[PDB]
Amino acid sequence: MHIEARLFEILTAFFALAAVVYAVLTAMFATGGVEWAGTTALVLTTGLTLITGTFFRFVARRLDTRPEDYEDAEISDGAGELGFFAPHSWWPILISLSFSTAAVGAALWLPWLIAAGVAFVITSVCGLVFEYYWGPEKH
Amino acid sequence: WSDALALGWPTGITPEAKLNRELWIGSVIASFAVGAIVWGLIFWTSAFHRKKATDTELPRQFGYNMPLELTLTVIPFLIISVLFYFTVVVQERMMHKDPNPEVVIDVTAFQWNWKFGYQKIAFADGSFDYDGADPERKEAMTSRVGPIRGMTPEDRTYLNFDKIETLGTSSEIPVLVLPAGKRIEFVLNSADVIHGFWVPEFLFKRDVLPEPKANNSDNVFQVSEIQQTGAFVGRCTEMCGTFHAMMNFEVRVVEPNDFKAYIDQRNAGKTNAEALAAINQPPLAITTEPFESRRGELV
Amino acid sequence: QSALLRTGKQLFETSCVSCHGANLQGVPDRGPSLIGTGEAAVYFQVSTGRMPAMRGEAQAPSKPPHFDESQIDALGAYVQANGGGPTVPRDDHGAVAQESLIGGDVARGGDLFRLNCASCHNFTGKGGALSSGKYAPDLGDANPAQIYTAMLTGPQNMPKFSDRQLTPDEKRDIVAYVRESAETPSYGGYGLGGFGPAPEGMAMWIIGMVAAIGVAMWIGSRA
Amino acid sequence: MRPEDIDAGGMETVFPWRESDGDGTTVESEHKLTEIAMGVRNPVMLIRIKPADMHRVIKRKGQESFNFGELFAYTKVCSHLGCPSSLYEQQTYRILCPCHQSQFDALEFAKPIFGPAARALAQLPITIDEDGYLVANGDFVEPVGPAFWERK
Amino acid sequence: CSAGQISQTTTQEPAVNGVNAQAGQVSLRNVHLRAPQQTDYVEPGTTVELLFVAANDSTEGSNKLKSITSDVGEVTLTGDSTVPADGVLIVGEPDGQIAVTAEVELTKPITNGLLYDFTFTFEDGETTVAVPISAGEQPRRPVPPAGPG
Amino acid sequence: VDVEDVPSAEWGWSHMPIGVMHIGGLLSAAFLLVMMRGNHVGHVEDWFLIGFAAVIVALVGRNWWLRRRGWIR
Amino acid sequence: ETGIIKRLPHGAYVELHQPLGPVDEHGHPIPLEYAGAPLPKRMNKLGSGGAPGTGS
Amino acid sequence: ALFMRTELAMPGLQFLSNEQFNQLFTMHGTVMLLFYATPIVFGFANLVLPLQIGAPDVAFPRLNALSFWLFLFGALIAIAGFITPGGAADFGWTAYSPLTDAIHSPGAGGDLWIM
Ligand SMILES: CCCCCCCCCCC(=O)OC[C@H]1O[C@H](O[C@@H]2[C@H](O)[C@@H](O)[C@H](O)[C@@H](O[C@H]3O[C@H](CO[C@H]4O[C@H](CO[C@H]5O[C@H](CO)[C@@H](O)[C@H](O)[C@@H]5O[C@H]5O[C@H](CO)[C@@H](O)[C@H](O)[C@@H]5O)[C@@H](O)[C@H](O)[C@@H]4O)[C@@H](O)[C@H](O)[C@@H]3O)[C@@H]2OP(=O)(O)OC[C@@H](COC(=O)CCCCCCCC[C@H](C)CC)OC(=O)CCCCCCCCCC)[C@@H](O)[C@@H](O)[C@@H]1O
Ligand SMILES: CCCCCCCCCCCCCCCC(=O)OC[C@H]1O[C@H](O[C@@H]2[C@H](O)[C@@H](O)[C@H](O)[C@@H](O[C@H]3O[C@H](CO)[C@@H](O)[C@H](O)[C@@H]3O)[C@@H]2OP(=O)(O)OC[C@@H](COC(=O)CCCCCCCC[C@H](C)CCCCCCCC)OC(=O)CCCCCCCCCCCCCCC)[C@@H](O)[C@@H](O)[C@@H]1O
Ligand SMILES: CCCCCCCCCCCCCCCC(=O)OC[C@H]1O[C@H](O[C@@H]2[C@H](O)[C@@H](O)[C@H](O)[C@@H](O[C@H]3O[C@H](CO)[C@@H](O)[C@H](O)[C@@H]3O)[C@@H]2OP(=O)(O)OC[C@@H](COC(=O)CCCCCCCC[C@H](C)CCCCCCCC)OC(=O)CCCCCCCCCCCCCCC)[C@@H](O)[C@@H](O)[C@@H]1O
Ligand SMILES: CC(C)=CCC/C(C)=C/CC/C(C)=C/CC/C(C)=C/CC/C(C)=C/CC/C(C)=C/CC/C(C)=C/CC/C(C)=C/CC/C(C)=C/CC1=C(C)C(=O)c2ccccc2C1=O
Ligand SMILES: CC(C)=CCC/C(C)=C/CC/C(C)=C/CC/C(C)=C/CC/C(C)=C\CC/C(C)=C/CC/C(C)=C/CC/C(C)=C/CC/C(C)=C/CC1=C(C)C(=O)c2ccccc2C1=O
Ligand code: HEC
Ligand code: HEC
Ligand code: FES
Ligand SMILES: [Ca+2]
Ligand SMILES: [Cu+2]
Ligand SMILES: [Cu+2]
């Protein structure tokens, strides 16, 4: 996955150059000195690509050429099990309802409704995480 | 024709406005030339490259022209570079501020109207000197520990006040009187929210901000002169609330002698309406009229 | 003090002329007249943060105050100088009276609150809903002076309680019940908002029945 | 109570009191005053319509002279089910019942305009005596409270 | 819906004991009569005070108040009744005011709670206000203690 | 109904006559319209009742026409 | 549905299914008849998850 | 936008107030940039992107479904400010400060818009 990491490094270099140039260009020319709200975002924008880019670099150097990373790869090269993909689940709609309940409580500033929403979110998230791991009932 | 290529821009009443309009016409000409070429290319291939009803074989499968791609990348870079230079040249002239202005205007914006004050008048020829600074009422807002650098959000010391002030009313459009052919300094200070000081004939506007110094905003702009007399309307351009659309104002331009006379009645306690009538001018705004209080025709 | 009147008009010119006019006559269909309202009305409306308003609706709701205590006094004096009206009570030092307005007989205040105040609000003063869009706000954040001025002035839809209909002693006793009932902790546990059966049933269904059903599925079996 | 004791836009519950009832210091007087407080049909709302809004007042037939100028007296008992309807809004002149949200237009003789109420609140005629105290100008012309099969 | 053209905060009138009136171009605010009372009627011959504030809507010219008449007696105006261009004309001194006054000599009995017609003319209007009787910051008058019954 | 429409057709009550739902729909709109006879002075609620009644009537008519023409069964 | 996606050598994407009863000639099972009882839909409920291990 | 466009046809407020018009473009912009334009970017992406790269599904099928419901309930909350008596947000989709402040925007419509 050499190309995947190269995309983020290209963005990392431009974001780093823009953050450094704009900081040094506002410290001596913008009224009031460095533009802080504005610079902080640019500096940490580089970090977003830096974290993803660095991780992709480390991952690429560990694994060899994948079937999708091979210029001339055959379809039969990728035969086998891919992994686990959830066939169906009604938990995600419950999580959204739980999160929306807390948001309405936060919007109207209802401490009881916020607490219920937080408890609903934890309960709904627990169901999503444990959906494919609950064992058979022991009776 | 400059009247059609301006796309509705006013002619302008200040040298900065005239320069800004010149840049607008040239940029529009450049934009139309580029647009015509692209539209012509799109129309040419849409009328002459249509599937002929006798062409069996599929067309040549070409998708890479390296000499062409480089050529059509440098050319757009050259056009923007040329425009950028003129952009920098014009904006430097428009934002230039003379260290010794002759008329200083305090523009105060609130919800939802305008207040105009004469901070200082000092004509270049020395025929009229005036000092409208009123320090006995600006420091009455001191409020002090304080949540922000020792002061409450209701500090309001950034606001400026003057002895002669034109206060807007829901039933009276505020009128700002300025001399013709004289440099005018505008100081913009809001009270609660952001407003917009826009005069379409000025071909320039700046947002009125509360606490501009704390926000690192240059709330002061100047015009070299006003080249003609008359009445010009001004509107609030930044959204500020319920009556954002019903807080317009008018700028009145008179001769320097008429402007000097008008200040005399204002100093003599006369209101804005009667002072304007004393210099043979309409007492109320003529470009704009106060909006009806009736929330609508169904009220 | 001429400085106080001039300062108040200076705030009025930049904050209130849009809906009340320059001479306090009121802009039709935008705002009523402030002549005769008095200092008490301005003090309450500004300290509670209600004014300046921002749009026309069923009720302008409460919000953080736009002016500090010094500016409220100047604003109230300017309006008081035009038409007179009721004035906010003050202590010996000349500040706004807060502690001295607490009555010593809460039992009388409770009955008075139930007769005259607990109709729009509830018993514990949590609030209530009015005809269409309008609603009575919570009384747990109002200081005694704000309650006194609200009784004196009669905000948007609130029958004005004059000093003759409700004497200052009765008003002092009424705010004593309001201030006491706000900070008395609930004796049977969590207050559940102090609204009555409506939160009790909701809490029941979401706690007792959820626990009872959840326990049942633990003890019981599926299929 | 005197007419000047209430400002414009105000509301205050009044009760039927007589000289023979007494001040309640004695045992007999207190018992007499108990039924006044415990009277189901006793409470009456006394509202003072603003003089600027007096031109919008619509009088009911047989009750045109039931007001003492800008002072109006309406029963506090809701005509629907008997709850005290004392949520009087001074500007909208709307009397709201907190039990089942019935709204009455105080300007239009307390005519119901919302909720399950279908009959207007009874109006009590009022006047002043020689001493300037507000007194009743007779009895209600219609029964007070919830309707029944034998009403009207 | 409640924020439409018909609002409940824009149609709201003043929460005072006065009357808002429009005499063509001059706005009358807080129009009320001050009259202490002891008996059910204020007997004729008792001097009362009529208080209001006149606001000039127009900001160009001035106006002057003349010939205030009513069917309650004779109204006497003392002082400079000229209202400035964009100012106020406060007549009388209401309670809570730390000099134009209107003096009324009653010819017929009046009482609190009723409406009495008044005529206001400045130069271009004849309007009726129906001025009521309003009590200011005066305390509640004592009531005699009832007997045992 | 049969198995392909309701798989558990023989395991319980799975069929409701279309006449009941069509008549109930007309009565649903009739009840919405008659409620305009009240003490309310406003007409915003009246238009909401009219719109809902019209929507219900349109749905009932659409279903009846489709059932009559044989497009749906 | 086990939720496991397997790519066939010719590129077909199929999901591994766990039959609830007997199977016909090839992989596909013979359809069972509904008996009014709940039918498992999660492979973890059938014991495919195993046990974490005896201990504290 | 049609209500706004039909109001800006003739000078004067025929059927809309200033507050209603202010709520109109705020909600119009919010709905038509964030509730229509942004989701349909992932609307087409959930359609063909797994097909384009020859994939059988998305990386996180459960998380993909969570995004739809979270978005749908989030969009409904902001629109739900209209049913409030004060109205929905009336300060514009750029929600400039301090207009969006409690002092200048005290209604619950703006609060529901934020959440
Ligand atoms: C089958 C059912 C289907 C429906 C059809 C069948 C029924 C339709 C047929 C009729 C029917 O409904 O009957 C059943 C009912 O019967 C009895 O009701 C009758 C009548 O109807 C009532 O309206 C009436 O109000 C009752 O008088 C009482 O008020 C009178 C006054 O009021 C008049 O004024 C009112 C308001 O104004 C005035 O207000 C105040 C009054 O002083 C003052 O402030 C003031 O004066 C004011 O006036 C002003 O006026 C002018 C202004 O302009 C000016 O002058 C001035 O300014 C002044 O100020 C209005 O609001 C009223 O409407 C009315 O007009 C007083 O005069 C009385 O003294 C008393 O207090 C009266 O009672 P009575 O005479 O006592 O008895 C008679 C007898 C009933 O006869 C029957 O036919 C019975 C047979 C038929 C019914 C079924 C039973 C038989 C079937 C078998 C048993 C089954 C096996 O009794 C009984 O046997 C009843 C027994 C119990 C029932 C058993 C059922 C079975 C049990 C098991 C189920 C009561 O018992 C009710 O409870 C009962 O429901
Ligand atoms: C097996 C199951 C069986 C057991 C289950 C039972 C558990 C019960 C849980 C709670 C138990 C608490 C016991 C102690 C009670 C106590 O001693 O309490 C003190 C005081 O505290 C509150 O005073 C607040 C301030 O202190 C005052 O200063 C302030 O004035 C006051 O304000 C009111 O008064 C003002 C005027 O004065 C008004 O202006 C204002 O408006 C208002 O009215 C305030 O009160 P208020 O806002 O009510 O709540 C504020 C609450 C914030 O909410 C809440 O806790 C909400 C959460 C619980 C409430 C009940 C559930 C309701 C359900 C939802 C409604 C669901 C709805 C969703 C809809 C979905 C579907 C619909 C379609 O903060 C807190 O307490 C913080 C504490 C947090 C505790 C968290 C619990 C810990 C659980 C951990 C478990 C671990 C176990 C693991 C084992 C292995 C008031 O109560 C006072 O009366 C009371 O006196
Ligand atoms: C395609 C689907 C749907 C299409 C709909 C989309 C477009 C609809 C357009 C509607 C117009 C909206 C205008 C908005 C702005 C507005 O509102 O400004 C009007 C003013 O009006 C009121 O003043 C009136 C006067 O102007 C004042 O002069 C006067 O004083 C005042 O009088 C009161 O006050 C006085 C004191 O002053 C009292 O004395 C007096 O007694 C009284 O009380 C007046 O009030 P009043 O008569 O109440 O009328 C209020 C409004 C009323 O608004 C409204 O549209 C309310 C909302 C109605 C919308 C319908 C709901 C839709 C149904 C569901 C969604 C179904 C779901 C679908 C199912 C699933 C899908 C499967 C198919 O009238 C109108 O706008 C005109 C009505 C025309 C609307 C037509 C729509 C009907 C539905 C048709 C459906 C057909 C479907 C068939 C399909 C085959 C006051 O409010 C003012 O402030 C306010 O300013
Ligand atoms: C199942 C049923 C009702 C069948 C009846 C069929 C029939 C013969 C109908 C004809 C008769 C008619 C016309 C009936 C109309 C209905 C009616 C008016 C009924 C009157 C009394 C009656 C029979 C009531 C039945 C109520 C009932 C069966 C409720 C079921 C609710 C269940 C199963 C809940 C458990 C699930 C659960 C743990 C959910 C979480 C908790 C929550 C949020 C529950 C919802 C909830 C509820 C249910 C409240 O009651 C409530 C009250 C006050 C405040 C809040 C809540 C609240 O949030
Ligand atoms: C018949 C009738 C009265 C209905 C009309 C009113 C109506 C439309 C109801 C809903 C009101 C709402 C939710 C308005 C706010 C705007 C909004 C976000 C609504 C729609 C949004 C939407 C369509 C989707 C967003 C996502 C979604 C669907 C979830 C919403 C989550 C929420 C918060 C729903 C609950 C709404 C609701 C009506 C429940 C109230 C629960 C009750 C009765 C509790 C009463 C109660 C009170 C009052 C306390 O004070 C209290 C204090 C301390 C502890 C407990 C309580 C307590 O339980
Ligand atoms: C319905 C007619 C009410 C009656 C009866 C009482 N109050 Fe009220 N109250 C009502 C409204 C509509 C409002 C808000 C008006 C507005 O313009 O916002 C209020 C407000 C108050 C407050 C202010 C609380 C705060 O802002 O934090 C207080 C302190 C208050 N009201 C007190 C009060 C008392 C003491 C009452 C009995 C004499 C009483 N209210 C009755 C509506 C109504
Ligand atoms: C338009 C947005 C307004 C601004 C600007 C100011 N006020 Fe106001 N006010 C407005 C309305 C629509 C009303 C009546 C109903 C209501 O919302 O309160 C008022 C009323 C008052 C009152 C009470 C009047 C009474 O009779 O009790 C007072 C004391 C008041 N207004 C004062 C006030 C002040 C001090 C302002 C500047 C901060 C101000 N108003 C601005 C609408 C508007
Ligand atoms: S009891 Fe008064 S409304 Fe039903
Ligand atoms: Ca229009
Ligand atoms: Cu503005
Ligand atoms: Cu604006």
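Filter the stretch C:21-30 down to residues that are on the phi < 0 side of the Ramachandran plot and crowded, with 24+ Cβ neighbours inside 10 Å and give me whichever is nearest to ligand 4 (Cβ to nearest atom). Filtering first and then ranking leaves C:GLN25. All conditions in (1) within 30 Å of D:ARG119 (Cβ to Cβ); (2) within 16 Å of ligand 3 (Cβ to nearest atom); (3) among the aliphatic types (A, V, I, L, M); (4) away from every other protein chain (no Cβ under 14 Å) hold for F:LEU59, with the sole exception of (1).
To keep it simple, each residue is scored yes or no on (1) of a type in the set (A, V, I, L, M, F, W, C); (2) touching a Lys or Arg at 6+ places or on another chain (Cβ under 6 Å).
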site: C:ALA107; (1), (2): yes, no
site: C:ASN116; (1), (2): no, no
site: C:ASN122; (1), (2): no, no
site: C:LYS134; (1), (2): no, no
site: C:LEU139; (1), (2): yes, no
site: C:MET151; (1), (2): yes, yes
site: C:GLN156; (1), (2): no, no
site: C:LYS171; (1), (2): no, no
site: C:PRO199; (1), (2): no, no
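Quick test of your reading of the structure: A:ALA30 fulfils all but one of (1) of a type in the set (A, V, I, L, M); (2) more than 10 Å from every other protein chain (Cβ to nearest Cβ); (3) not in a helix (DSSP H, G or I). Name the failing condition by number. The number of the failed condition is (2). Quick one: in the stretch D:9-33, which of the residues that are of a type in the set (A, V, I, L, M, F, W, C) and within 17 Å of the chain's Cα centre (by Cα) is farthest from D:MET54 (Cα to Cα)? Among those that are of a type in the set (A, V, I, L, M, F, W, C) and within 17 Å of the chain's Cα centre (by Cα), it is D:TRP17. A single entry from H:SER67, H:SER17 fulfils the requirement of being of a type in the set (S, T, N, Q) and under 22 Å from H:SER105 (Cβ atoms): H:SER17. A count restricted to the stretch D:91-102 and to residues that are crowded, with 20+ Cβ neighbours inside 10 Å and either more than 29 Å from C:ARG164 (Cβ to Cβ) or not polar (S, T, N, Q) (or both) stands at 6. Report yes if A:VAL34 is within 24 Å of B:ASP218 (Cα to Cα) and out of contact with any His (no Cβ under 7 Å at 6 or more places or on another chain), otherwise no. Here the answer is yes, as A:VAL34 does meet what is asked. Determine whether the stretch F:10-22 contains at least one residue that is more than 14 Å from every other protein chain (Cβ to nearest Cβ), surrounded by 11 or more Cβ atoms within 10 Å (Cβ to Cβ) and among the hydrophobic types (A, V, I, L, M, F, W, C). Yes: one or more hits.
Matching residues to (1) surrounded by fewer than 23 Cβ atoms within 10 Å (Cβ to Cβ); (2) within 12 Å of another protein chain (Cβ to nearest Cβ); (3) of a type in the set (A, V, I, L, M, F, W, C):
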site: E:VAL19; (1), (2), (3): no, yes, yes
site: E:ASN30; (1), (2), (3): no, yes, no
site: E:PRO44; (1), (2), (3): yes, no, no
site: E:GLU49; (1), (2), (3): yes, no, no
site: E:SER62; (1), (2), (3): yes, yes, no
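Within the stretch A:96-117, the set of residues being surrounded by fewer than 18 Cβ atoms within 10 Å (Cβ to Cβ) and either within 16 Å of ligand 8 (Cβ to nearest atom) or within 21 Å of the chain's Cα centre (by Cα) (or both) is empty.
Could you say which residue among C:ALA211, C:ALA203, C:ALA150 is among the aliphatic types (A, V, I, L, M), part of a helix (DSSP H, G or I) and under 26 Å from C:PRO32 (Cβ atoms)? None of the other options fit; the residue is C:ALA150.
From the list D:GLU108, D:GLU35, the lone residue that is away from every other protein chain (no Cβ under 11 Å) and surrounded by fewer than 20 Cβ atoms within 10 Å (Cβ to Cβ) is D:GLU35.
Listed here are the residues, each with its yes/no results for (1) under 30 Å from E:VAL143 (Cβ atoms); (2) more than 9 Å from ligand 2 (Cβ to nearest atom).
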| position | (1), (2) |
| --- | --- |
| C:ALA145 | yes, yes |
| C:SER162 | yes, yes |
| C:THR184 | no, no |
| C:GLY189 | no, no |
| C:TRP218 | no, yes |
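Would it be correct to say that F:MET36 is more than 16 Å from ligand 4 (Cβ to nearest atom) and in contact with an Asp or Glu (Cβ under 6 Å, 6 or more places away or on another chain)? Yes: the conditions hold for F:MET36.
Within the stretch D:75-104, restricting attention to residues that are of a type in the set (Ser, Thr, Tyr) and within 13 Å of chain C (Cβ to nearest Cβ), the residue that is nearest to ligand 5 (Cβ to nearest atom) is D:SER102.
From the list H:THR100, H:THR26, the one residue that fits, being assigned to a loop (DSSP other than H, G, I, E, B) and within 14 Å of chain C (Cβ to nearest Cβ), is H:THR100. Residue pairs whose Cβ atoms lie under 9 Å apart, sitting 6 or more positions apart in sequence or on different chains, and linking a residue in the stretch C:169-191 that is more than 14 Å from chain A (Cβ to nearest Cβ) and of a type in the set (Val, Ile, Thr) to a partner that is assigned to a helix (DSSP H, G or I) and near ligand 2 (Cβ under 10 Å from one of its atoms), do not occur here.
Every condition in (1) within 10 Å of another protein chain (Cβ to nearest Cβ); (2) crowded, with 22+ Cβ neighbours inside 10 Å holds for C:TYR78 except the one numbered (1).
Per-residue answers, yes or no, for (1) touching a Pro at 6+ places or on another chain (Cβ under 6 Å); (2) surrounded by 12 or more Cβ atoms within 10 Å (Cβ to Cβ):
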{"site": "A:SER76", "(1), (2)": "yes, yes"}
{"site": "A:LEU94", "(1), (2)": "no, yes"}
{"site": "A:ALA119", "(1), (2)": "no, yes"}
{"site": "A:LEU128", "(1), (2)": "no, yes"}
{"site": "A:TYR133", "(1), (2)": "no, no"}
{"site": "A:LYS138", "(1), (2)": "no, no"}
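For the stretch C:157-194, the tally of residues that are closer than 15 Å to C:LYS126 by Cα, among the hydrophobic types (A, V, I, L, M, F, W, C) and within 18 Å of the chain's Cα centre (by Cα) stands at 3. Test C:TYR187 against the stated conditions and say whether it is within 16 Å of ligand 7 (Cβ to nearest atom) and not hydrophobic (A, V, I, L, M, F, W, C). Judged against the criteria, C:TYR187 is not a match. Just wondering, is there one or more residues in the stretch G:8-28 that are hydroxyl-bearing (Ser, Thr, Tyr) and outside any loop (DSSP other than H, G, I, E, B)? Looking through the stretch G:8-28, at least one residue is hydroxyl-bearing (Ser, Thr, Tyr) and outside any loop (DSSP other than H, G, I, E, B).
Among strands (runs of 3 or more DSSP E) entirely within the stretch E:1-108, having at least 2 residues that are charged (D, E, K, R) and away from ligand 6 (no atom under 16 Å from the Cβ) singles out E:26-34, E:101-106.
In this entry, C:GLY133 passes the filter for residues that are small (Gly, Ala, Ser) and within 16 Å of ligand 3 (Cβ to nearest atom). Among the residues of the stretch H:62-81, at least one is more than 8 Å from every other protein chain (Cβ to nearest Cβ), part of a loop (DSSP other than H, G, I, E, B) and within 22 Å of A:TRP109 (Cα to Cα). Which of the residues spanning the stretch C:9-58 are among the hydroxyl-bearing types (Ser, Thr, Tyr) and facing chain E (nearest Cβ under 9 Å)? Matches in the stretch C:9-58: C:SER33, C:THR37. Scan the stretch C:185-193 and give yes if some residue there is closer than 23 Å to C:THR48 by Cα and surrounded by fewer than 23 Cβ atoms within 10 Å (Cβ to Cβ), otherwise no. Scanning the stretch C:185-193 turns up at least one residue that is closer than 23 Å to C:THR48 by Cα and surrounded by fewer than 23 Cβ atoms within 10 Å (Cβ to Cβ).
Report yes if E:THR119 is away from chain D (no Cβ under 11 Å), under 17 Å from the mean Cα position of the chain (by Cα) and surrounded by fewer than 19 Cβ atoms within 10 Å (Cβ to Cβ), otherwise no. So E:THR119 passes the test.
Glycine gets a Cβ as well: all are built from the backbone with ideal geometry, and neighbour counts include every protein chain shown. Readers should treat all values here as calculations from the given coordinates under stated rules, not as data from a laboratory.
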